[PDB]
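Visitor: experimental structure and sequence below, a few questions after.
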Amino acid sequence: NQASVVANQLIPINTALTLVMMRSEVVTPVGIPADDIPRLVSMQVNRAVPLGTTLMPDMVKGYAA
């Protein structure tokens with residue numbers, strides 16, 4: 001049902017998110033909702049996020065729904 005943000009490339013640690021890094025997919029478990037992609041632009045991740053990984057709230061510095 002619900003789509004989440006998934007890494008479209010490896011996202012390195014302490015690197016600001018851009019649109020080319022984030023795709024939407026229906027995955028389980030559910031992560032950050034796909035609708036939040038625009039909000040995530042320029043926010044940094046606190047760990048490296050491998051290709052195909054679902055972005056979870058705890059991975060993004062400053063993220064609160």
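Guide: In hand now; what should we look at? Numbers count the residues shown, from 1 in each chain.
Visitor: helices of the chain, residue ranges please.
Guide: 37-40 (DSSP state H).
Visitor: residues in contact with residue 59?
Guide: 45, 46, 47, 49 (CB atoms under 8 Å, 6 or more residues apart in numbering). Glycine gets a C-beta too; all of them are placed from N, C-alpha and C.
Visitor: buried ones in stretch 43-55?
Guide: 44, 45, 49, 53, 54, 55 (16 or more other CB atoms under 10 Å).
Visitor: and if you look at stretch 15-30?
Guide: 17, 21, 22, 23.
Visitor: ok, which pair from the residues you listed is furthest apart?
Guide: 17 and 23 (12.2 Å; CB to CB).
Visitor: out of the buried residues of stretch 43-55, who's nearest residue 13?
Guide: So of the buried residues of stretch 43-55, ranked by how close each gets to residue 13 (CB to CB), first place is residue 45, at 6.7 Å.
Visitor: quick revisit: strands - which of the buried residues of stretch 15-30 land there?
Guide: If you go by DSSP state E, the buried residues of stretch 15-30 have 22, 23 in strands.
Visitor: make TSV from the buried residues of stretch 15-30 and add distance to residue 1 to it.
Guide: Output for the buried residues of stretch 15-30, formatted as TSV (distance: CB to CB, whole Å):
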residue	distance to residue 1
17	24
21	24
22	19
23	17
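Visitor: returning to that earlier point: out of the buried residues of stretch 43-55, who's nearest residue 4?
Guide: For these, the nearest to residue 4 is residue 54 (5.2 Å; CB to CB).
Visitor: any idea how far the closest one is from residue 63?
Guide: Residue 54 is 14 Å from residue 63, where distance means CB to CB, to the nearest Å.
Visitor: no more questions from me, cheers.
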